[PDB]
Each structure stands twice: as C-alpha cells, then as structure tokens.
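First the structure, in the form of structure tokens, and then the observations on it.
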Amino acid sequence: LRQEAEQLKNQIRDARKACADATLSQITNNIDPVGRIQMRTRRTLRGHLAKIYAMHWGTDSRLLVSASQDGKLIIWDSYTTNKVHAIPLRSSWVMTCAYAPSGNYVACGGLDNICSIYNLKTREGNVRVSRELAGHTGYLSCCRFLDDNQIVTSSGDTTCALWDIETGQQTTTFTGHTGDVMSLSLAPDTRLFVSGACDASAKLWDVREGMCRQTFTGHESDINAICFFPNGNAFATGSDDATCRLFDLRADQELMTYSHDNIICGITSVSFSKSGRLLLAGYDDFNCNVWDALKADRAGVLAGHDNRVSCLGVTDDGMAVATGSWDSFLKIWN
Amino acid sequence: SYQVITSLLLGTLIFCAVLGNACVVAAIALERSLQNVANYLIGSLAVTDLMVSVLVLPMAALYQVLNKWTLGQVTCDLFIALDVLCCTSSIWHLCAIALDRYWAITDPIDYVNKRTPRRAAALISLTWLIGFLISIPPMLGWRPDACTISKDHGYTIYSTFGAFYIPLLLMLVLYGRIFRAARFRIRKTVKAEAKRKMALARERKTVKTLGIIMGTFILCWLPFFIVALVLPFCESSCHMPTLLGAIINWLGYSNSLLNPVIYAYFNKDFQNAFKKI
Amino acid sequence: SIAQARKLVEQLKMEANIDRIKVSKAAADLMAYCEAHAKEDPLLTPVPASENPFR
Amino acid sequence: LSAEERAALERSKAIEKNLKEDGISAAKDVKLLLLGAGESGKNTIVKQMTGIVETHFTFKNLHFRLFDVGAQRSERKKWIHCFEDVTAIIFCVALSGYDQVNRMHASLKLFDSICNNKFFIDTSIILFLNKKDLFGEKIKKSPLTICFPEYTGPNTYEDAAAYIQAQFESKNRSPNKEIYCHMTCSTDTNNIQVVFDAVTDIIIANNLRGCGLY
Amino acid sequence: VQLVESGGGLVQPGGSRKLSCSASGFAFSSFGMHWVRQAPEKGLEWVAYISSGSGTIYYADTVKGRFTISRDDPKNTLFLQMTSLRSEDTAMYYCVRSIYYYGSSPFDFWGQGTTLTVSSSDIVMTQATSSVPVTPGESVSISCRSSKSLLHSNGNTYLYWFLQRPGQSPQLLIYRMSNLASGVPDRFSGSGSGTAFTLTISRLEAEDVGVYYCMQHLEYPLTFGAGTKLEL
Ligand SMILES: O=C1CC2(CCCC2)CC(=O)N1CCCNC[C@H](O)COc1cccc2[nH]ccc12
Ligand SMILES: CC(C)CCC[C@@H](C)[C@H]1CC[C@H]2[C@@H]3CC=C4C[C@@H](O)CC[C@]4(C)[C@H]3CC[C@]12C
Ligand SMILES: CC(C)CCC[C@@H](C)[C@H]1CC[C@H]2[C@@H]3CC=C4C[C@@H](O)CC[C@]4(C)[C@H]3CC[C@]12C
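Chains as they are written, first to last, in this note's numbering: chain A, -5 to 328; chain B, 13 to 289; chain C, 38 to 92; chain D, 947 to 1160; chain E, 2 to 233.
Quick look at the structure:
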C-alpha cells in the first residue's frame, strides 16, 4: 500500500507541476513595489507579567484579548489602552486565545488540553467559564470561533476538532496530521480552514464533512503559524525554517516564498493586511518583518520588542497591527 | 598654564563621573529588567554620586583651580554641607548595597518572600538620613577666604566615624560574612576535577570581587578620613602639605566616579542592558 | 497498520482528483484582489492622522 | 475624558492594581518542572510532596509549584519553552531501570536534552535516583553491564549507584548549572527537604552570581 | 440578579436615616452603584454615585453634604447616609446597577426601590412630549432635547432610555443612544444626533405602557427628562 501511496503522491506532484505555468514572482515583476512600509508603535499594552503567547483582535477592530503565562486573559481597549477585562485562568499554561466574532465569548487553551470558553457578557458583571471543551489529548495550540456556538481547535495530538459549545462535544474531529497541529486559520467565510502542523505540512479542511480537501507540503520544518489570504483563496504559513510560503487553494502549491538570507530564526506568527499585499510575520529575532506578499520583497520591519514576537494580528478593518511578544508587551502599529 | 592643566584634569574627571552616573540612572529608568531592588540600590548610589558630580565636584574644582574660595561664606557653608551630605550618603549606599547582598545571600527565603522595593526605599532614605545627620549639625552650630570643614574635635569624631569608620566596619563585617557564605556555598558545591577547577575559580572570583569593592572603597576614602580624623588633633604639630590633602580628598571624590564602574558596569545585567543601546 | 495505509491511500486518491487551476490564474486573482483593495489598506496606504484611531 | 470613559479608566486602574498584586504574589512562588521517563518514580515523589499536573504546597515559608507535565505525550520542544522561568527541574530516574529494555538509556538521553536545552542553560536540575532499594536487590545478581558495558567497576551497590549518578552529572557541561542528586527508596518522607535544600542553594548561588561572588 | 432596598419609611423633617441595598446575584464589587430617587408624583432624579471600589463618588447638587453614599463589598450592601432630611427628600430611592467599560451597559438593573416619606451648568434634559395616547400595534416616537450636545469627542452619545412601567422600577431600554439593552425586545430603537434624540417603538405592546425617561451620562450630575408617559 506504501507503493500505491507513493504513486499517488507522484501523480499529485506531476499535476502540481502541470499547473505551474508562471510563478507569482514572474507575474508580479512589473507591479510597483511599496517602498518601506513603516508602521510605528501607537499603543503599548502593559499589564501582562509574563511572556505573551497569543492575542486575537475583536471584529470591531478595537478590543483585543491577550493570553500570557501569568494565568491572565486580558481584554484591552486598544484605542485607550484600557483593560476591559482581566480573566484569571484556571490553568496558567495558556498558549492560544480566540475572541468570538460576536464578542460575547473568548476562548483560551494550552497545556491543560482544554479549550475554556469565557462568557464576557453575563448578567453578573464577571467573566465566567461558560464551557470547558475537553477531549483533546494534547495541548491546544490554536482555537478559532466559527460563531458563538462553533469553535475549531487544534491540538498537539495531531488532530483538529470542531466543537458544539452548548453541548461541549466534538462535532467533528479532523484527523490526518502526523505531527502536532500548531496553528489554525479559518477562511473569511469560515466554511473551511487550514492547519499547519509539525510534520511541515499544511492541510486544508472542510468544516462540515470533516474531510481534508488539500495537503500543502513546501516547508522543511515545523509550521508554527498559518493565515488565509483575505479573499480565502490562498494562505500563508510560517515555519521554523525562517521562511513563509504562500499556498493557493485552487492551484494547490506554493506560489511565493518569503525568505531572507539575514533571517535564520523561526517564525512565530503571520498575518495579512486588509488588502493582502502585506504579509506581517513575527520572528524569533525579536522583531516582525513586513513582506510584499506579491513581490516577496521585505517591505518593512517592526522592531521594538525585547523578546521573541510570539503573536501578531491585524484588525478586520486593517487599520492597526498588534504584536504581542515574550517581553509581556503588546504594541499597536500603524 | 599650571592651573590650566589642573582645570583640564578636574573637568575630565567631573565629566566622566557625570556621564557614568547619568548612564547608570538612565539604564535603571529606561528598561524593565534593571528595575530590581538590588538595581534600585545601585541606581540610587548612581543618583547620589551624580549629585556629588554635578553639585560638589564643580565648586570644589573651582576652589582648587583658583587655590582660594572665590564665593561667599554662605555659599561656602552650603558647599561644605552638600559635600559632607553627598559623600556620607554615597558611603552609606555602599553599606546599604552590602546589607542587601548580605540578606540576599545568607537569607534566601527572605529574598524570595519579604524583599520588596519598599525595603530599597527604606535603605535609601536611611542613608540620606545619616548624610543629613552628619552634614547639618555644623549648620545647627558645632564649630578667612577658606572653605575647610569644621575642625571641632567632637564633631570630627562624630562625622568621621558616622560617615566612614562605622560604614567601613559595617562593610567589613557584612562582606566578611558574605565571604564566609560564598566559601560555604562553594564547599557545598564540591561537597570530578572540573568541579574542583570551578571551585578554585569561584574562590578566586569572590576574592577578586571583594578585593575590587573593598579596596576601591578603602583606597578612595580611608586616605582622606585618616587625615580628616587626625588633622584637627594635629592643629599645630602636624602640618597638612595641602597637596597630599588635595590628593586624598580627590581620591574620595573619585570614589563617586568609580562606584558606577564597580557596581553597575561590572554587573552582567547592566552590560547586556548597555549593549541593548 | 493496514487500516492506516488504506486510509492514507484513500485520502491521497481523494485529494489528487480535484480541479487545480493554473498558477498564472491564481497569481492573477491575487494581484487583482490586492489592486482592488489597495485603497482600503491602512497599512499599505496610511490614513490621515485624523482618520487614524491610534493617534 | 467622558464620565463613562473616566469610570472605564478607573476600572482599568483597578484591574492594573489587581494584576500587579497577583504578579507580586506569583513572583514569590518557586516553580519546579518535574520531569522523568515513563515508568520512573515520578508518582512516588508526587505523593511525597488532563495535560499538565500543577501541584502547590508551602514548605518552610517557601511556596513551590510542581509542574508535572509527563502526560504531554508529544514533542517536548513545542511546550518546553513554557517552563523557561523554572527555578529548577526535578528529574526522576528509576535506578531499577538498567535491567528493563533501554529504559534508563532513554532517561539519560532525555537528561542530556534537558541539560543542553537552550532554555535551561542556567537552570539547575534536582536529579532523583528512584527505587534504590529494588536497584540494590537487582544489582547483586545482575551486574551493571547491560546499561554500561564500559562500567568495568565493582559490582557493589554503592559503586554502581555512584557510577550511574556520575554518568548523569557528566551531561551537565555548564558552569552556571548544578545537579543536586539524591537517592530515594520510595519509603523516605524527606525528599521535599532535599528539593528545598536544592532550591535554597539555587537562590543563594543566583544571588552570589548577581554579586559577582560565584 | 436582584437589588433590594431597605429603610425608607416615615421620618420627621430634619431627621436622618440610612438606606440599605442588599445586592445579590451579581459581582457587586465590580459595579458602580447609583441612588436614583423619584418624587411621589414627579420623575426620576439621580441622587448619588459610588464607583467600583468606592474610588470615585458624586452626589446630586441638591443633596451634597446632607447625603453620604457608601458601599460594603464583603456584605454586598450599598448605603445612603441621609441627614438633614428636608421635606423635598421624600421619594422612592432606587439603587441602580452600573458597570463601565468599553461596550458595557450602565444603569441596566434597578433595585425595586424603597419609599421615603418626610413630614412637613448641568445638562438640561427636556421631554416636551408627555402623556401621549398610543394604540397597540402602531409605531410611536418619543422625543428628547438636551441643553448640551451629548455626543462626545470619542463618537459616543450618552443618552439613556428607561421604562418606568406602572408599579415597576425603571428598566433600561437603550444605554448609549442607539444601543438596545439586554433582554429588551428589538422593537425599541434609539436615534438622534447632538442635542435632539428620539426613541422609536415599532409595534408597541401592552407591556410598553409606562413612563419613558431620558438620561444624560456625559457630565456627571446626571439629569433625567420629565417622563413621557404612554397611555392607551
Ligand atoms: O577641608 C578640606 C579637607 C582637605 C583634605 C584634608 C585637608 C584639606 C581638602 C580641602 O580642600 N577641604 C575642603 C573640601 C572638603 N572635602 C571633604 C570630603 O569631600 C567629604 O568630607 C567628609 C565627608 C563626610 C564626613 C566628614 N568628616 C570630615 C570630613 C568629611
Ligand atoms: C584610585 C583607584 C586606584 C582606587 C581603586 C582601587 C583599586 C583599583 C585597587 C585597590 C585594591 C585593589 C585590589 C586588591 C585586592 C585584589 C584581590 C586580588 O585577588 C585581585 C586584585 C584585587 C581585586 C585588586 C584590584 C585593584 C584594586 C581594587
Ligand atoms: C581614574 C581615577 C579614579 C584616578 C584617580 C583620580 C584622582 C585621584 C587624581 C586624578 C587627577 C588628580 C589631580 C590632578 C591635579 C591636581 C592639582 C594639584 O595641584 C593637586 C592635586 C590634583 C588635584 C590631583 C588630585 C588627584 C587627582 C584628581
């Protein structure tokens, strides 16, 4: 059966090379590159007393939630730097957080293998754990709400899961990864999502049927970050081999490679600008770089973090970038 | 020409002292990592020596280059008061740093639990309190174109003992106890020749570090304070050459230049912090 | 086991038989999306400080 | 500010105050990463003192946090950076493992990885040698050659245990990191005293290094 | 969640009493609590405010000095220390639950109120309409006027709408102008700009009969508009 699997893999390789007419670099040799995309730290969010592992913007592009090792989930008013909530976590070992698209819920998880859904908008004025989603047998590396009731989580047990939060039960389990799934990104329409794992492969998952539509293998090392292009027909992955790759869903192969000879450190987080021409990747060299996602040119740099930039996100209105880091600060960039 | 070289040397020393102390204070105030109780005490020592450098050293350098006090008597009293206050405060910051290190090494449970920046504030306030109690009594009354300190015998004993000799004994005792604790820690570590090599290296390192601290403190201020103690008692028999006295006083002043070097620039965390900028 | 190999073979067969488009077309679509939305990209074309909520 | 914005700022300042107080309280906690290899004697010392087991207890005015993380049956490097700020690693090694296939060679490889990890350059290790009584029962009959063909030493209990322990310190290869080995028989209710002594020595050595006296 | 006021009763003029609020069912420590009184025939009138943690306190300019608002978080009790009780201090005193952060809904829960009987520059909120006849099933608009623009430089309009249903304490309808409160059916709608506002009800029910109050929260001496009663 291994022979048949290898034959099918070779057939997929031949099909991918068949569709490789002109590389993204050849078709974007004539577009005018943006010279130096220079964001500047507008707000610095202080109040985390440990390394920050995750942050997630609100859909209102003003509130953001940050997860840190000090056992606190803090909701920030990024405009005024006001702390809207400070949620004490039962497990301090949180390495992911998600903010519900409605804003009524926030999720967190990590080494406790449990996704904790927090009801922000309660009749009481406190934030309480509405639902603890247990069932993953590894640490949760990412979680992403589809809506108030559906959340997709990725775990170190090599499986992504879809949860019905009201019942607390896994609606679907997305098996097929061989290494620890490290990140998720839902499509803008949230009908399907990509997940990067330690097997250096990003898989495209259909939410309803639970079937892996496509598998993308371009990286040499552990994929730490993944993010759809704004139109949902492509995505970008960030792996430990210091390179980002732009895979197309329809083309089913990498289109562009975002690597620089000065960069040898791994990539913790990636995100796109609202138009998608910028690919903001957070690196282990303590700063975030900005990439011309169409020309692979390093458009700019986001320096200002004294430790590894573990997470970064762009507002749904594309106005600002928040980059958390292990130095316990979130900086808002414009 | 002769006084121009003196002016250049004194200005260079004052500028180096101001630069070093301002750099240490800036390193404390700018970064999160150097906001520690031990680093609070080191930065407060830098603050005190910056006050020395920008208040006391300029007027003293003027009095030295001109060989006479070309200011008012009231200004002379204020200058001598600031002199004694800031120098006593810097010596007692050395003692407070020694006490903090003693508590950190011989009492690790208290280091984990009870060590707060409130303790650093208390130590700084008490060092400045002793500085005031040593500088002001002349102003309350305890004592010619000269700005020499009071030669009162009782005040000489009180001020040389409360500003150096009791601080000297306190640092001697504290750093001897810290030396005993460091040797006990090394012996417990070696309680396999690589371990013995590290034990010898660490014993030589603790001897070298105590040598640096205590030798700089002593050969900065003790040459001054021996003379500041005996000289009123030698009001007619012993004669101060006024060159040796100048040299010993400026050794005492240079203690303020070398304090950031010992306590901050030799600290690895400070070195990394300065490499960051 | 044999079941894992069969599942891998079935997954590979299912993934292979899809409709892949030319990467020239995919690149053209990405270019058209980035050009059609360059105006509303405050990180690409910064908004005036009056229109920037982080001032 | 508006009245509502003023009250929101007041709420934010209250949140900041509570965060600072919680950080002050958490800074007084001594964090220990409790490791081991499969069937090692981790559970015995756990009783003596999901995905991660966190144990809080106070011993001699010191509050310890034991992070038992062996249940994370995945790649360690994907979660080992979470414990970058641990005071020490309490490694458990079953002495009665040289005769079981190899268990203790896998433990040695894990110990080498833990020592040479980029996040544990200066993090001490409180090595525990578990089940020393069964090791003594098994060491008189079977010699210490299955685990160490290069042993070439006396078949005695003390020499065999010392050889295993010394092979363990051989992986330290660091001047700022020390290994505080202890021998445990699973019937001694003083292992937390050994952990406390090791942690106290760790704090004292860190303070001496800060003073330049170590 | 319930707020129970105790005290009130009958007091002689110039006397003194303490009003108590036994808050229960919610995180009382995190809420800025108000006292809002309503004269036996008049409309609501905000009395005092004590923030979360007692850090910030305001009083109505007509009760300042005479009244003292205090809270007891461990026992979740809110106090109004009333002294020099003039004849104009007779009213039903409502304790109001209010929490302030981004997106919060202040004034959302009102205590049932306690009756006090005493023997014998501020923004002006105007409700010119009052006691308007309405019929079920038809749309009605309740208007409001403000002396100062309630819209702030941040873009937020601090206009509140409450419903003094007959015999029931006020219940929030729209907390910031055009922001429907929790549990309120989506037929009430708020709109306006600057100083002029309107509360629109799509298909008014039999439960929509009551008295509708404005409130500004821009400058802190919070003022209500004289209620615009709805009757069949
Ligand atoms: O009078 C002198 C002295 C000499 C040196 C010896 C003879 C001439 C030099 C000189 O020209 N002057 C004026 C400057 C004073 N500089 C003194 C130190 O900076 C701080 O002195 C103290 C600090 C604390 C306690 C103290 N008790 C007693 C002195 C003292
Ligand atoms: C004006 C200047 C000279 C005053 C500063 C005095 C300094 C430079 C001198 C005086 C005492 C000297 C120390 C005396 C003792 C020792 C211990 C020895 O194992 C290493 C050298 C060391 C550490 C010497 C270093 C230099 C030293 C500290
Ligand atoms: C690096 C530092 C610590 C070395 C020590 C600096 C001090 C002790 C040295 C350096 C320059 C020296 C001064 C040079 C010039 C003169 C003028 C002379 O008429 C009196 C002595 C006096 C005032 C010296 C006093 C001592 C002095 C200030």
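Every residue, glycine too, gets a C-beta built ideally from N, C-alpha and C.
Exercise. When the cut-off is 8 Å and only beta carbons count, does E:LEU20 lie next to chain D?
Worked result: Interface annotation, E:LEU20: not in contact with chain D, CB-CB separation never under 8 Å.
Could you tell me whether the stretch 189 to 205 of chain B touches the stretch 119 to 134 of chain B, using the rule of 3 or more Cβ pairs below 8 Å?
-> no
Check: Can you list, in chain order, the residues of the stretch 112 to 135 of chain B whose Cβ is nearer than 7 Å to any Cβ on chain D?
Finding: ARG113, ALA116, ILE117, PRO120, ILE121, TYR123, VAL124, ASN125
Exercise. Is the closest heavy atom of ligand 3 to the C-beta of A:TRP70 under 7 Å?
Worked result: no
Report the CB separation of B:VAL96 from B:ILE146 in whole angstroms; it is logged as a contact under 8 Å. 6 Å
Tell me whether B:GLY153, by its Cβ, gets closer than 7 Å to a heavy atom of ligand 1.
Because no heavy atom of ligand 1 lies under 7 Å away, the Cβ of B:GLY153 does not count as near it: no.
With a threshold of 16 other CB atoms inside 10 Å of the CB of A:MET313, please say whether the residue is buried or exposed.
It is buried - the Cβ of A:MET313 has at least 16 other Cβ atoms within 10 Å.
Handout entry: Per-residue contacts from E:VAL2 into chain A (C-beta, under 7 Å)
Key = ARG117, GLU118
For this session: Give the straight-line distance between the Cα atoms of A:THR35 and A:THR317, rounded to the nearest whole angstrom.
Result: 10 Å
>> Residues of the stretch 955 to 967 of chain D in Cβ contact with chain E at a cutoff of 7 Å, in chain order, please.
In response: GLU956, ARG957, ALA960
Check: Hey, how far is the Cα of A:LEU240 from the Cα of A:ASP174?
Finding: 21 Å
Neighbour list for E:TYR102 in chain D, Cβ cutoff strictly below 7 Å: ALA954, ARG957
Open item on the list: Can you tell me whether B:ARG130 is helix, strand or coil according to DSSP?
Closed with: helix
Original post:
How many angstroms separate the CA atom of B:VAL202 from the CA atom of B:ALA211?
Top reply: Computed Cα separation, rounded: 7 Å.
Nearest-angstrom Cα separation, counted from D:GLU967 out to E:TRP36: 31 Å
Q) With a CB to CB cut of under 7 Å and the five nearest residues on each side skipped, what residues in its chain are close to A:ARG56? A) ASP71, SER72, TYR73
For this session: Inspect the CB distances between the stretch 25 to 42 of chain E and the stretch 134 to 148 of chain E and report whether three or more fall short of 8 Å.
Result: Judged by Cβ distances under 8 Å, the stretch 25 to 42 of chain E makes no contact with the stretch 134 to 148 of chain E, as fewer than three pairs qualify.
Legend entry - Closest residue to E:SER170 among E:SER105, E:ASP209, E:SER131, E:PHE110 (Cα-Cα distance): Checking every option, the nearest Cα to that of E:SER170 belongs to E:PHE110.
Please look up how many angstroms separate the CB atoms of B:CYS159 and B:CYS99, rounded, as I've assumed it's under 8 Å. Your pair B:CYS159 and B:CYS99 does not check out as a contact, with CB atoms roughly 15 Å apart and the cut at 8 Å.
Cβ atoms of E:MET93 and E:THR78: under 8 Å apart, would you say?
no
Quiz item: Which class does B:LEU135 belong to by DSSP, given the choice of helix, strand or coil?
Solution: helix
Worksheet entry | For E:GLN172, the nearest candidate out of E:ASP73, E:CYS96, E:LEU81, E:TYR221 (CA to CA) | E:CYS96
Practice item. Identify every residue that forms a DSSP beta bridge with A:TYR93. Key: A:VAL100
- prompt: How about A:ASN281 and A:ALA275: are their beta carbons less than 8 Å apart?
  reply: no
**Q.** Collapsed DSSP secondary structure at E:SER203 in the structure displayed
**A.** It is coil, neither helix nor strand.
Q. Which of the three DSSP states, helix, strand or coil, is assigned to E:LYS76?
A. coil
### Task
With DSSP as the reference, label B:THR24 as helix, strand or coil.
helix
* Asked: Of the choices E:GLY193, E:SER179, E:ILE175, whose alpha-carbon is the least far from that of E:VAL185?
  -> If we check each option's Cα against that of E:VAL185, E:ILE175 comes out closest.
*Any non-hydrogen atom of ligand 2 closer than 7 Å to B:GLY188 Cβ*: Answer for B:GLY188: no, Cβ out of range of ligand 2.
Just to confirm, is the Cβ distance from E:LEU164 to E:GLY211 under 8 Å?
In this structure, E:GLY211 lies closer than 8 Å to E:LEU164 by Cβ.
- Query: Considering only C-alpha positions, which residue in the set B:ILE169, B:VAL64, B:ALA116 is nearest to D:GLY1156?
  - Reply: B:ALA116
Subject >> Nearest-residue set for ligand 2, Cβ under 5 Å from any heavy atom >> reply: The answer, residue by residue, is B:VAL219, B:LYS220, B:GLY223, B:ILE224, B:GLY227, B:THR228, B:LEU231.
_On the CB-based measure, 16 or more other CB atoms within 10 Å of its CB, does B:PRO253 come out buried or exposed?_
With fewer than 16 Cβ atoms within 10 Å of its Cβ, B:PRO253 is classed as exposed.
Original post:
Are the C-beta of A:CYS192 and some C-beta of chain G separated by less than 8 Å?
Top reply: Of the protein chains in this structure, namely A, B, C, D and E, none is chain G.
Short of 6 Å in beta carbon distance, which residues of its chain neighbour D:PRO1089, apart from the five on each side in sequence? Order them along the chain.
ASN1101, listed in sequence order.
Any beta carbon from chain D within less than 8 Å of E:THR196's own beta carbon? no
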